[PDB]
>>> print(open('input.pdb').read())   # PDB, C-alpha atoms and all ligand atoms
ATOM      1  CA  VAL A   3    -103.379  12.656 -37.840
ATOM      2  CA  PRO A   4    -100.468  12.735 -40.337
ATOM      3  CA  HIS A   5     -99.344  15.616 -42.529
ATOM      4  CA  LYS A   6     -99.017  15.466 -46.314
ATOM      5  CA  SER A   7     -98.690  18.613 -48.372
ATOM      6  CA  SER A   8     -97.622  19.521 -51.858
ATOM      7  CA  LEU A   9     -94.730  21.859 -52.786
ATOM      8  CA  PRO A  10     -95.650  21.941 -56.486
ATOM      9  CA  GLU A  11     -92.962  24.610 -57.308
ATOM     10  CA  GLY A  12     -90.325  22.571 -55.321
ATOM     11  CA  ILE A  13     -88.318  23.921 -52.384
ATOM     12  CA  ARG A  14     -85.548  26.514 -52.804
ATOM     13  CA  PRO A  15     -82.385  26.805 -50.747
ATOM     14  CA  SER A  16     -83.113  28.524 -47.443
ATOM     15  CA  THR A  17     -86.483  26.799 -47.109
ATOM     16  CA  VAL A  18     -87.192  26.025 -43.447
ATOM     17  CA  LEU A  19     -89.548  23.255 -42.400
ATOM     18  CA  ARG A  20     -90.580  23.618 -38.778
ATOM     19  CA  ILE A  21     -92.336  20.702 -37.143
ATOM     20  CA  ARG A  22     -93.681  20.878 -33.622
ATOM     21  CA  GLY A  23     -95.380  18.077 -31.773
ATOM     22  CA  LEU A  24     -95.207  15.418 -29.103
ATOM     23  CA  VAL A  25     -93.713  11.944 -29.189
ATOM     24  CA  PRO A  26     -96.472   9.702 -27.737
ATOM     25  CA  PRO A  27     -95.555   7.824 -24.557
ATOM     26  CA  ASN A  28     -95.688   4.478 -26.417
ATOM     27  CA  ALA A  29     -94.097   5.628 -29.683
ATOM     28  CA  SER A  30     -91.983   3.301 -31.797
ATOM     29  CA  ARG A  31     -90.929   5.482 -34.748
ATOM     30  CA  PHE A  32     -92.017   8.399 -36.902
ATOM     31  CA  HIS A  33     -90.762  10.008 -40.060
ATOM     32  CA  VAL A  34     -90.405  13.201 -42.035
ATOM     33  CA  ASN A  35     -90.120  12.603 -45.799
ATOM     34  CA  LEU A  36     -89.313  15.001 -48.624
ATOM     35  CA  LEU A  37     -90.524  13.162 -51.687
ATOM     36  CA  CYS A  38     -90.953  13.401 -55.444
ATOM     37  CA  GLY A  39     -94.736  13.575 -54.916
ATOM     38  CA  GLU A  40     -95.748  11.861 -58.190
ATOM     39  CA  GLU A  41     -97.342   9.176 -55.945
ATOM     40  CA  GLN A  42     -95.982   7.218 -52.964
ATOM     41  CA  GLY A  43     -93.393   4.476 -53.166
ATOM     42  CA  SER A  44     -91.353   6.998 -55.202
ATOM     43  CA  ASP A  45     -88.078   8.900 -54.741
ATOM     44  CA  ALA A  46     -87.174  10.514 -51.407
ATOM     45  CA  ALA A  47     -84.698  13.337 -51.179
ATOM     46  CA  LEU A  48     -84.824  13.028 -47.405
ATOM     47  CA  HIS A  49     -86.206  10.343 -45.119
ATOM     48  CA  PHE A  50     -85.706  11.449 -41.507
ATOM     49  CA  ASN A  51     -86.690   8.556 -39.200
ATOM     50  CA  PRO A  52     -86.416   8.846 -35.417
ATOM     51  CA  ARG A  53     -86.814   5.316 -34.023
ATOM     52  CA  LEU A  54     -87.540   5.236 -30.297
ATOM     53  CA  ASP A  55     -87.812   1.450 -30.335
ATOM     54  CA  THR A  56     -84.264   0.890 -31.624
ATOM     55  CA  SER A  57     -82.781   4.112 -30.199
ATOM     56  CA  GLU A  58     -81.465   5.605 -33.435
ATOM     57  CA  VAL A  59     -82.298   8.365 -35.909
ATOM     58  CA  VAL A  60     -81.782   7.263 -39.496
ATOM     59  CA  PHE A  61     -81.353   9.553 -42.480
ATOM     60  CA  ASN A  62     -81.540   8.232 -46.031
ATOM     61  CA  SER A  63     -82.616   8.952 -49.585
ATOM     62  CA  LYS A  64     -84.391   6.672 -52.080
ATOM     63  CA  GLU A  65     -84.129   6.732 -55.856
ATOM     64  CA  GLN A  66     -86.026   4.477 -58.295
ATOM     65  CA  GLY A  67     -87.143   2.218 -55.454
ATOM     66  CA  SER A  68     -83.714   1.721 -53.864
ATOM     67  CA  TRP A  69     -82.572   3.129 -50.525
ATOM     68  CA  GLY A  70     -79.191   4.803 -50.390
ATOM     69  CA  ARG A  71     -76.546   4.581 -47.691
ATOM     70  CA  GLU A  72     -77.959   5.266 -44.252
ATOM     71  CA  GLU A  73     -76.634   8.019 -42.046
ATOM     72  CA  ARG A  74     -77.271   8.016 -38.310
ATOM     73  CA  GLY A  75     -77.472  11.038 -36.053
ATOM     74  CA  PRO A  76     -75.626  11.406 -32.743
ATOM     75  CA  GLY A  77     -77.923  10.023 -30.068
ATOM     76  CA  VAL A  78     -81.698  10.281 -29.975
ATOM     77  CA  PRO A  79     -82.829  13.860 -29.154
ATOM     78  CA  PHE A  80     -86.423  12.701 -28.747
ATOM     79  CA  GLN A  81     -88.184  11.167 -25.777
ATOM     80  CA  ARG A  82     -91.437   9.293 -25.429
ATOM     81  CA  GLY A  83     -94.026  11.545 -23.850
ATOM     82  CA  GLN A  84     -92.155  14.768 -24.529
ATOM     83  CA  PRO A  85     -92.732  17.653 -26.947
ATOM     84  CA  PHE A  86     -90.205  18.456 -29.609
ATOM     85  CA  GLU A  87     -89.387  21.003 -32.277
ATOM     86  CA  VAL A  88     -87.497  20.028 -35.407
ATOM     87  CA  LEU A  89     -86.196  22.418 -38.027
ATOM     88  CA  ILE A  90     -85.218  21.006 -41.401
ATOM     89  CA  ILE A  91     -83.273  23.719 -43.212
ATOM     90  CA  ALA A  92     -82.707  23.208 -46.952
ATOM     91  CA  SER A  93     -79.399  24.680 -48.108
ATOM     92  CA  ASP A  94     -77.495  24.444 -51.382
ATOM     93  CA  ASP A  95     -75.433  21.516 -50.020
ATOM     94  CA  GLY A  96     -77.892  19.553 -47.869
ATOM     95  CA  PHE A  97     -80.468  19.521 -45.105
ATOM     96  CA  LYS A  98     -79.578  20.845 -41.664
ATOM     97  CA  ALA A  99     -81.648  19.047 -39.058
ATOM     98  CA  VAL A 100     -82.080  21.039 -35.864
ATOM     99  CA  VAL A 101     -83.758  19.453 -32.856
ATOM    100  CA  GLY A 102     -84.479  21.502 -29.778
ATOM    101  CA  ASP A 103     -81.703  24.057 -29.338
ATOM    102  CA  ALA A 104     -78.911  22.498 -31.362
ATOM    103  CA  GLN A 105     -77.939  21.446 -34.835
ATOM    104  CA  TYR A 106     -78.321  17.680 -34.807
ATOM    105  CA  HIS A 107     -77.074  16.449 -38.166
ATOM    106  CA  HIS A 108     -76.260  17.701 -41.626
ATOM    107  CA  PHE A 109     -77.467  15.433 -44.495
ATOM    108  CA  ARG A 110     -75.843  16.270 -47.811
ATOM    109  CA  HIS A 111     -78.074  16.139 -50.844
ATOM    110  CA  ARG A 112     -78.276  12.967 -52.920
ATOM    111  CA  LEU A 113     -81.193  14.143 -55.110
ATOM    112  CA  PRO A 114     -81.397  17.714 -56.469
ATOM    113  CA  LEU A 115     -83.580  19.926 -54.302
ATOM    114  CA  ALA A 116     -85.759  20.593 -57.322
ATOM    115  CA  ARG A 117     -86.988  16.951 -57.084
ATOM    116  CA  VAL A 118     -88.762  17.634 -53.786
ATOM    117  CA  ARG A 119     -92.431  18.160 -54.411
ATOM    118  CA  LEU A 120     -94.131  16.799 -51.304
ATOM    119  CA  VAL A 121     -93.652  16.867 -47.530
ATOM    120  CA  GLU A 122     -94.984  13.971 -45.424
ATOM    121  CA  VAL A 123     -94.881  13.676 -41.653
ATOM    122  CA  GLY A 124     -96.294  10.463 -40.199
ATOM    123  CA  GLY A 125     -95.908   7.488 -37.880
ATOM    124  CA  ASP A 126     -96.015   7.506 -34.093
ATOM    125  CA  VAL A 127     -96.149  11.259 -33.547
ATOM    126  CA  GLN A 128     -98.746  13.858 -32.555
ATOM    127  CA  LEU A 129     -98.367  17.037 -34.610
ATOM    128  CA  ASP A 130     -99.010  20.517 -33.275
ATOM    129  CA  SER A 131     -97.796  22.416 -36.354
ATOM    130  CA  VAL A 132     -95.988  21.825 -39.643
ATOM    131  CA  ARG A 133     -94.915  25.114 -41.233
ATOM    132  CA  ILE A 134     -92.839  25.817 -44.301
ATOM    133  CA  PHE A 135     -90.994  29.144 -44.212
TER     134      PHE A 135
ATOM    135  CA  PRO B   4     -77.735  42.683 -25.068
ATOM    136  CA  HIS B   5     -76.544  39.878 -27.303
ATOM    137  CA  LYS B   6     -73.596  40.635 -29.568
ATOM    138  CA  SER B   7     -71.645  37.909 -31.326
ATOM    139  CA  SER B   8     -69.174  37.739 -34.195
ATOM    140  CA  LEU B   9     -69.624  35.606 -37.309
ATOM    141  CA  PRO B  10     -66.079  34.459 -38.254
ATOM    142  CA  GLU B  11     -66.949  33.300 -41.785
ATOM    143  CA  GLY B  12     -69.977  35.620 -42.276
ATOM    144  CA  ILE B  13     -73.471  34.293 -42.801
ATOM    145  CA  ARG B  14     -74.311  32.126 -45.762
ATOM    146  CA  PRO B  15     -77.683  31.675 -47.422
ATOM    147  CA  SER B  16     -79.770  29.226 -45.370
ATOM    148  CA  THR B  17     -78.563  30.613 -42.036
ATOM    149  CA  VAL B  18     -81.374  30.778 -39.483
ATOM    150  CA  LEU B  19     -81.183  33.206 -36.572
ATOM    151  CA  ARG B  20     -83.627  32.214 -33.820
ATOM    152  CA  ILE B  21     -84.411  34.766 -31.099
ATOM    153  CA  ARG B  22     -86.576  34.066 -28.088
ATOM    154  CA  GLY B  23     -87.322  36.488 -25.314
ATOM    155  CA  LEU B  24     -89.829  38.779 -23.684
ATOM    156  CA  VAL B  25     -90.796  42.404 -24.353
ATOM    157  CA  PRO B  26     -90.637  44.078 -20.894
ATOM    158  CA  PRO B  27     -93.832  45.789 -19.665
ATOM    159  CA  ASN B  28     -92.239  49.271 -20.104
ATOM    160  CA  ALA B  29     -90.500  48.720 -23.434
ATOM    161  CA  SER B  30     -90.140  51.414 -26.030
ATOM    162  CA  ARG B  31     -88.190  49.619 -28.752
ATOM    163  CA  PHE B  32     -85.700  46.852 -29.392
ATOM    164  CA  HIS B  33     -83.685  45.765 -32.356
ATOM    165  CA  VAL B  34     -81.964  42.930 -34.150
ATOM    166  CA  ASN B  35     -79.008  44.092 -36.231
ATOM    167  CA  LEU B  36     -76.876  42.290 -38.791
ATOM    168  CA  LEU B  37     -73.801  44.524 -39.048
ATOM    169  CA  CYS B  38     -70.380  44.611 -40.686
ATOM    170  CA  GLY B  39     -68.636  45.161 -37.334
ATOM    171  CA  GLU B  40     -68.674  46.211 -33.612
ATOM    172  CA  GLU B  41     -67.802  49.850 -34.249
ATOM    173  CA  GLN B  42     -70.277  52.720 -33.934
ATOM    174  CA  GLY B  43     -72.123  53.650 -37.111
ATOM    175  CA  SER B  44     -71.026  50.491 -38.848
ATOM    176  CA  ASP B  45     -72.961  49.428 -41.918
ATOM    177  CA  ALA B  46     -76.128  47.397 -41.311
ATOM    178  CA  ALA B  47     -77.291  44.760 -43.787
ATOM    179  CA  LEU B  48     -80.411  44.409 -41.663
ATOM    180  CA  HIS B  49     -81.872  46.581 -38.921
ATOM    181  CA  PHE B  50     -85.053  44.961 -37.565
ATOM    182  CA  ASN B  51     -86.683  47.361 -35.110
ATOM    183  CA  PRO B  52     -89.943  46.603 -33.289
ATOM    184  CA  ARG B  53     -91.180  49.899 -31.852
ATOM    185  CA  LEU B  54     -93.803  49.516 -29.146
ATOM    186  CA  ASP B  55     -93.678  53.294 -28.548
ATOM    187  CA  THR B  56     -94.708  54.239 -32.134
ATOM    188  CA  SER B  57     -96.637  50.992 -32.974
ATOM    189  CA  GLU B  58     -94.575  49.928 -35.969
ATOM    190  CA  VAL B  59     -91.877  47.439 -36.962
ATOM    191  CA  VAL B  60     -89.182  49.063 -39.078
ATOM    192  CA  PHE B  61     -86.700  47.339 -41.361
ATOM    193  CA  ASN B  62     -83.769  49.160 -42.942
ATOM    194  CA  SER B  63     -80.176  49.007 -44.061
ATOM    195  CA  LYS B  64     -77.373  51.489 -43.462
ATOM    196  CA  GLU B  65     -74.309  52.090 -45.636
ATOM    197  CA  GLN B  66     -71.541  54.669 -45.185
ATOM    198  CA  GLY B  67     -73.519  56.271 -42.371
ATOM    199  CA  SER B  68     -76.836  56.718 -44.190
ATOM    200  CA  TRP B  69     -80.005  54.754 -43.583
ATOM    201  CA  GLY B  70     -81.780  53.503 -46.670
ATOM    202  CA  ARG B  71     -85.476  53.542 -47.450
ATOM    203  CA  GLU B  72     -87.417  52.180 -44.481
ATOM    204  CA  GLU B  73     -89.796  49.250 -44.873
ATOM    205  CA  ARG B  74     -92.568  48.636 -42.376
ATOM    206  CA  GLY B  75     -94.071  45.298 -41.449
ATOM    207  CA  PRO B  76     -97.787  44.513 -41.273
ATOM    208  CA  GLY B  77     -98.986  45.274 -37.769
ATOM    209  CA  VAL B  78     -96.956  44.824 -34.597
ATOM    210  CA  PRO B  79     -96.803  41.141 -33.560
ATOM    211  CA  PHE B  80     -95.202  42.080 -30.257
ATOM    212  CA  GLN B  81     -96.741  43.185 -26.976
ATOM    213  CA  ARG B  82     -95.383  44.677 -23.788
ATOM    214  CA  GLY B  83     -95.022  42.037 -21.118
ATOM    215  CA  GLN B  84     -95.386  39.102 -23.527
ATOM    216  CA  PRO B  85     -92.851  36.529 -24.840
ATOM    217  CA  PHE B  86     -91.991  36.225 -28.521
ATOM    218  CA  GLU B  87     -90.035  34.125 -30.986
ATOM    219  CA  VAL B  88     -88.495  35.593 -34.112
ATOM    220  CA  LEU B  89     -86.744  33.739 -36.914
ATOM    221  CA  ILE B  90     -84.583  35.654 -39.344
ATOM    222  CA  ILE B  91     -83.833  33.430 -42.340
ATOM    223  CA  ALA B  92     -80.984  34.549 -44.644
ATOM    224  CA  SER B  93     -81.561  33.491 -48.256
ATOM    225  CA  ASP B  94     -79.847  34.444 -51.459
ATOM    226  CA  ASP B  95     -82.607  37.033 -52.093
ATOM    227  CA  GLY B  96     -83.133  38.581 -48.668
ATOM    228  CA  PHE B  97     -83.972  38.099 -45.013
ATOM    229  CA  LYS B  98     -87.291  36.430 -44.223
ATOM    230  CA  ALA B  99     -88.631  37.489 -40.809
ATOM    231  CA  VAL B 100     -90.937  35.043 -39.053
ATOM    232  CA  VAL B 101     -92.729  36.016 -35.846
ATOM    233  CA  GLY B 102     -94.564  33.334 -33.927
ATOM    234  CA  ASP B 103     -96.220  31.044 -36.467
ATOM    235  CA  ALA B 104     -96.273  33.368 -39.429
ATOM    236  CA  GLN B 105     -93.998  34.821 -42.028
ATOM    237  CA  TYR B 106     -94.013  38.511 -41.185
ATOM    238  CA  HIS B 107     -91.946  40.354 -43.782
ATOM    239  CA  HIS B 108     -89.340  39.662 -46.457
ATOM    240  CA  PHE B 109     -86.492  42.229 -46.641
ATOM    241  CA  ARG B 110     -84.573  41.979 -49.906
ATOM    242  CA  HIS B 111     -80.816  42.269 -49.677
ATOM    243  CA  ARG B 112     -79.169  45.650 -50.103
ATOM    244  CA  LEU B 113     -75.646  44.840 -48.917
ATOM    245  CA  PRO B 114     -73.732  41.679 -49.798
ATOM    246  CA  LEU B 115     -74.391  38.952 -47.259
ATOM    247  CA  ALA B 116     -70.635  38.261 -46.932
ATOM    248  CA  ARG B 117     -70.294  41.677 -45.306
ATOM    249  CA  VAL B 118     -72.403  40.549 -42.339
ATOM    250  CA  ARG B 119     -69.878  39.779 -39.601
ATOM    251  CA  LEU B 120     -71.788  40.506 -36.379
ATOM    252  CA  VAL B 121     -75.229  39.886 -34.901
ATOM    253  CA  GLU B 122     -76.558  42.278 -32.262
ATOM    254  CA  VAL B 123     -79.809  42.071 -30.282
ATOM    255  CA  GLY B 124     -80.457  45.000 -27.939
ATOM    256  CA  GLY B 125     -82.839  47.648 -26.655
ATOM    257  CA  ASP B 126     -85.869  47.031 -24.439
ATOM    258  CA  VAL B 127     -85.879  43.236 -24.603
ATOM    259  CA  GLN B 128     -85.122  40.412 -22.192
ATOM    260  CA  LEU B 129     -83.559  37.483 -24.050
ATOM    261  CA  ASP B 130     -84.058  33.796 -23.388
ATOM    262  CA  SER B 131     -82.119  32.463 -26.410
ATOM    263  CA  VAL B 132     -80.223  33.666 -29.476
ATOM    264  CA  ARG B 133     -79.195  30.738 -31.721
ATOM    265  CA  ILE B 134     -77.666  30.631 -35.202
ATOM    266  CA  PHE B 135     -78.352  27.504 -37.278
TER     267      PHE B 135
HETATM  268  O1  LIG C   1     -82.760   3.263 -44.454
HETATM  269  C1  LIG C   1     -84.007   3.557 -43.814
HETATM  270  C2  LIG C   1     -84.959   2.377 -43.983
HETATM  271  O2  LIG C   1     -84.540   1.304 -43.144
HETATM  272  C3  LIG C   1     -85.305   0.123 -43.375
HETATM  273  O3  LIG C   1     -84.781  -0.951 -42.596
HETATM  274  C4  LIG C   1     -83.361  -1.036 -42.680
HETATM  275  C5  LIG C   1     -82.783  -1.025 -41.267
HETATM  276  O4  LIG C   1     -82.839   0.310 -40.749
HETATM  277  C6  LIG C   1     -81.339  -1.514 -41.228
HETATM  278  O5  LIG C   1     -80.954  -1.769 -39.872
HETATM  279  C7  LIG C   1     -81.172  -2.784 -42.051
HETATM  280  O6  LIG C   1     -81.984  -3.827 -41.500
HETATM  281  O7  LIG C   1     -81.581  -2.520 -43.389
HETATM  282  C8  LIG C   1     -82.986  -2.294 -43.459
HETATM  283  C9  LIG C   1     -83.404  -2.173 -44.920
HETATM  284  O8  LIG C   1     -82.702  -1.088 -45.536
HETATM  285  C10 LIG C   1     -86.757   0.371 -42.983
HETATM  286  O9  LIG C   1     -87.540  -0.791 -43.280
HETATM  287  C11 LIG C   1     -87.327   1.573 -43.725
HETATM  288  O10 LIG C   1     -88.601   1.918 -43.168
HETATM  289  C12 LIG C   1     -86.390   2.771 -43.634
HETATM  290  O11 LIG C   1     -86.428   3.311 -42.308
HETATM  291  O1  LIG C   2     -84.715  53.660 -40.241
HETATM  292  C1  LIG C   2     -84.477  53.162 -38.920
HETATM  293  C2  LIG C   2     -84.008  54.296 -38.016
HETATM  294  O2  LIG C   2     -85.114  55.135 -37.676
HETATM  295  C3  LIG C   2     -84.700  56.288 -36.945
HETATM  296  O3  LIG C   2     -85.813  57.145 -36.703
HETATM  297  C4  LIG C   2     -86.334  57.721 -37.900
HETATM  298  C5  LIG C   2     -87.829  57.427 -37.978
HETATM  299  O4  LIG C   2     -88.023  56.037 -38.258
HETATM  300  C6  LIG C   2     -88.514  58.259 -39.056
HETATM  301  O5  LIG C   2     -89.935  58.157 -38.908
HETATM  302  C7  LIG C   2     -88.099  59.723 -38.976
HETATM  303  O6  LIG C   2     -88.555  60.285 -37.740
HETATM  304  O7  LIG C   2     -86.678  59.814 -39.047
HETATM  305  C8  LIG C   2     -86.059  59.221 -37.909
HETATM  306  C9  LIG C   2     -84.562  59.507 -37.941
HETATM  307  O8  LIG C   2     -84.009  59.050 -39.179
HETATM  308  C10 LIG C   2     -84.109  55.858 -35.607
HETATM  309  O9  LIG C   2     -83.638  57.010 -34.900
HETATM  310  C11 LIG C   2     -82.963  54.872 -35.803
HETATM  311  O10 LIG C   2     -82.582  54.325 -34.537
HETATM  312  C12 LIG C   2     -83.369  53.746 -36.746
HETATM  313  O11 LIG C   2     -84.293  52.877 -36.081
END
>>> encode(input="input.pdb", output="structure tokens", more="lines below")
Ligand SMILES: OC[C@H]1O[C@@H](O[C@H]2[C@H](O)[C@@H](O)[C@@H](O)O[C@@H]2CO)[C@H](O)[C@@H](O)[C@H]1O
Ligand SMILES: OC[C@H]1O[C@@H](O[C@H]2[C@H](O)[C@@H](O)[C@@H](O)O[C@@H]2CO)[C@H](O)[C@@H](O)[C@H]1O
Amino acid sequence: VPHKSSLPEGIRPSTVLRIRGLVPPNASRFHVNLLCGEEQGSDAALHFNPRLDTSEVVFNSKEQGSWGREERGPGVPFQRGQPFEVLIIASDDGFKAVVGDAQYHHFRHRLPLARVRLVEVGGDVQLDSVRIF
Amino acid sequence: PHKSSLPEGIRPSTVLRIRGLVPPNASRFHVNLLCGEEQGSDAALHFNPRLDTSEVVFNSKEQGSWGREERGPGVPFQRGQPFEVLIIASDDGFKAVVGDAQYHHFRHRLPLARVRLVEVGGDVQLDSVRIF
């Protein structure tokens, strides 16, 4: 079952989102979104989208209904049927995505961090824990 | 132990991840954020789980003198058992996470830019020390 939780005060630099779970053996894609929260179909400071089906991990933002320029991570550090741990570390300059034991990609901010009011984790993924530190 | 230099220091949003095991005969181990490799160097953070006295002590040290100790709530470590600690450097302090829970927040005494070395030692067997 997905995760959706409010960050009504916003997230500050040095906020750490730790997500642990398992990629199902038949997974296509899942996502981690940091959103405006006002509703859904609204602005995304971070859309982190591992796609097992097309063998890519896409990063993007969305403002006023329009996607920005996609960034892609190096390789796919996820595997169908295998557990994973992701850290998303909010800094002053961007989001550091850590998967497993290594920094995976650094996504510089497009929206101010103060615009993040909701965390959503969904799609083809089984969640063990979503913690905000 | 683990002892590694930080060329450019640590910046806010640095995450230090430590995985290992407390040996069955442990007394104490520590995680230090120090200004340098020399003896008695200043410590921005001294994080000291003490199995022998059933406490977790945090402190700083400047010009040879320890500051006022802080103690964490309970001892989330046990002899013979593995552990995972996160130390998260922010602009306001060091957040210590043990297992699945925020454990203690240690507000900065020394400037963060003075941290140039990370040391993990004492009665601990390490699986991983990673800086993110
Ligand atoms: O940018 C992330 C979004 O991508 C959308 O599809 C992209 C696709 O990744 C790209 O190859 C090309 O076809 O442009 C499409 C539209 O931007 C997804 O539909 C959406 O879910 C996001 O993942
Ligand atoms: O503040 C950390 C240092 O504690 C020293 O031991 C203290 C002890 O915590 C206190 O209860 C009292 O007995 O004074 C002792 C000496 O200052 C340790 O010796 C030192 O290694 C640090 O951990």
>>> resolve_selection(input="input.pdb", expression="the PyMOL selection byres (((chain B and resi 62-67) around 10) and not hetatm)", output="number ranges by chain")
B: 35-38, 42-51, 60-61, 68-74, 109, 111-113
>>> resolve_selection(input="input.pdb", expression="the PyMOL selection byres (((chain B and resi 121-126) around 7) and not hetatm)", output="ChimeraX atom specification")
/B:4-8,25-26,29-37,120,127
>>> resolve_selection(input="input.pdb", expression="the PyMOL selection byres (((chain A and resi 81) around 10) and not hetatm)", output="PyMOL selection string")
chain A and resi 24-27+29+54+57+78-80+82-86
>>> axis_aligned_box(input="input.pdb", around="segment 10-25 of chain A", padding_each_side="6 Å", output="lines of an AutoDock Vina configuration file")
center_x = -89.0
center_y = 20.2
center_z = -43.2
size_x = 25.3
size_y = 28.6
size_z = 40.2
>>> residues_around(input="input.pdb", residues="segment 35-49 of chain A", least_positions_apart="6", cutoff="8 Å", atoms="only C-alpha atoms", output="ChimeraX atom specification")
/A:8,60-67,111-115,117-123
>>> write_last_selection(input="input.pdb", atoms="C-alpha atoms", output="PDB file, keeping the file's coordinate frame")
ATOM      1  CA  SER A   8     -97.622  19.521 -51.858  1.00  0.00           C
ATOM      2  CA  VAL A  60     -81.782   7.263 -39.496  1.00  0.00           C
ATOM      3  CA  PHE A  61     -81.353   9.553 -42.480  1.00  0.00           C
ATOM      4  CA  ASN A  62     -81.540   8.232 -46.031  1.00  0.00           C
ATOM      5  CA  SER A  63     -82.616   8.952 -49.585  1.00  0.00           C
ATOM      6  CA  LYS A  64     -84.391   6.672 -52.080  1.00  0.00           C
ATOM      7  CA  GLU A  65     -84.129   6.732 -55.856  1.00  0.00           C
ATOM      8  CA  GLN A  66     -86.026   4.477 -58.295  1.00  0.00           C
ATOM      9  CA  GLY A  67     -87.143   2.218 -55.454  1.00  0.00           C
ATOM     10  CA  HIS A 111     -78.074  16.139 -50.844  1.00  0.00           C
ATOM     11  CA  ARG A 112     -78.276  12.967 -52.920  1.00  0.00           C
ATOM     12  CA  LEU A 113     -81.193  14.143 -55.110  1.00  0.00           C
ATOM     13  CA  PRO A 114     -81.397  17.714 -56.469  1.00  0.00           C
ATOM     14  CA  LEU A 115     -83.580  19.926 -54.302  1.00  0.00           C
ATOM     15  CA  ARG A 117     -86.988  16.951 -57.084  1.00  0.00           C
ATOM     16  CA  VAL A 118     -88.762  17.634 -53.786  1.00  0.00           C
ATOM     17  CA  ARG A 119     -92.431  18.160 -54.411  1.00  0.00           C
ATOM     18  CA  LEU A 120     -94.131  16.799 -51.304  1.00  0.00           C
ATOM     19  CA  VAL A 121     -93.652  16.867 -47.530  1.00  0.00           C
ATOM     20  CA  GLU A 122     -94.984  13.971 -45.424  1.00  0.00           C
ATOM     21  CA  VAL A 123     -94.881  13.676 -41.653  1.00  0.00           C
TER      22      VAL A 123
END
>>> atom_distance(input="input.pdb", atom1="atom CA of residue 53 of chain A", atom2="atom CA of residue 135 of chain B")
24.0 Å
>>> residues_near_point(input="input.pdb", point="(-90.3, 23.8, -38.2)", cutoff="6 Å", atoms="all atoms listed in the file", output="list in words")
residues 19, 20, 21, 88, 89 and 133 of chain A
>>> write_last_selection(input="input.pdb", atoms="C-alpha atoms", output="compact mmCIF listing (two decimals), keeping the file's coordinate frame")
# COMPACT_ATOMS: atom_id res chain seq x y z
CA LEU A 19 -89.55 23.26 -42.40
CA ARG A 20 -90.58 23.62 -38.78
CA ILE A 21 -92.34 20.70 -37.14
CA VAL A 88 -87.50 20.03 -35.41
CA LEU A 89 -86.20 22.42 -38.03
CA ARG A 133 -94.92 25.11 -41.23
>>> interface_residues(input="input.pdb", of="chain A", to="chain B", cutoff="12 Å", atoms="all atoms listed in the file", output="PyMOL selection string")
chain A and resi 14-22+88-108+130-135
>>> atom_distance(input="input.pdb", atom1="atom CA of residue 9 of chain A", atom2="atom CA of residue 129 of chain A")
19.2 Å
>>> atom_distance(input="input.pdb", atom1="atom CA of residue 116 of chain B", atom2="atom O5 of ligand LIG 2 (chain C)")
28.9 Å
>>> residues_around(input="input.pdb", residues="residue 75 of chain B", least_positions_apart="2", cutoff="9 Å", atoms="only C-alpha atoms", output="PyMOL selection string")
chain B and resi 58-61+73+77-78+106-108
>>> closest_residue(input="input.pdb", among="B:9, B:53, B:21, B:40", to="ligand LIG 2 (chain C)", atoms="only C-alpha atoms and all ligand atoms")
B:53
>>> closest_residue(input="input.pdb", among="A:13, A:125, A:110, A:4", to="ligand LIG 1 (chain C)", atoms="all atoms listed in the file")
A:125
